[PDB]
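A single chain comes next, written as structure tokens; it is the form deposited in one PDB entry.
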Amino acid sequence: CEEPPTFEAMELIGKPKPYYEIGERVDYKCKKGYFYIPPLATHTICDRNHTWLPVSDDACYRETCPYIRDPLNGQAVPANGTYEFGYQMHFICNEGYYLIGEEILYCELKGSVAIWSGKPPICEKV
């Protein structure tokens, strides 16, 4: 096999070789800001078809901004589904009930932690 994949959350351990013999195993690590969360794989092997076995960065977790209790009568559903930084929180209200706050709270880099965008919505009545 050639050089193992590159990921946005994982960094290969040891320096890249040009060629890897079949049955050779490479191991990765979470990049400076990440945290690994069991169980998922973070390594790979060079199979008999001289390709690497599938593997994902999707286990190395980037910090997270706190938790948001579903505003009574609307669920606090994430799109870009995750409470990690760099994404958003939206307050879709119930077919009818509209908002006293704002539809989307974006979670992102603040200092070292990551906090969402401002303060969350109230789901009132009509």
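Throughout, we count residues from 1 along the sequence that is shown.
K.L.:
Output the stretch having the higher mean C-alpha B factor in the entry; the candidates are 91-99 and 46-54.
P.N.:
Mean C-alpha B-factor is greater for 91-99.
K.L.:
Test of understanding: from the entry's C-alpha B-factors, which stretch has the higher mean, 22-30 or 63-71?
P.N.:
63-71 has the higher mean C-alpha B-factor.
K.L.:
Splitting the chain's C-alpha B-factors into thirds, which one does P16 fall into?
P.N.:
For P16, the deposited C-alpha B-factor lands in the lowest third.
K.L.:
Looking at the entry's B-factor column for C-alpha atoms only, identify whether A9 ranks in the lowest, middle or highest third of its chain.
P.N.:
It falls in the bottom third of the chain.
K.L.:
Is the Cα B-factor recorded for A41 in the lowest, middle or highest third of its chain?
P.N.:
Its C-alpha B-factor, which the entry lists for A41, ranks in the lowest third among residues of this chain.
We do not show the form deposited in another entry, though everything after this point is about it.
K.L.:
Assign each C-alpha to whichever of the two rigid parts fits it better between the shown form and the other one, then report whether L109 and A76 share a part.
P.N.:
Both residues go with the same rigid part.
K.L.:
Can you confirm the direction of the Cα distance change for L105 and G33 in the other entry, closer or farther than in this form, given it is 3 Å or more?
P.N.:
They are closer; the C-alpha distance drops by 3 Å or more in the other entry.
K.L.:
Tell me whether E108 and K32 end up closer or farther apart in the other entry, going by their C-alpha atoms; the shift is 3 Å or more.
P.N.:
Here the pair is farther apart than in the other entry; there, closer.
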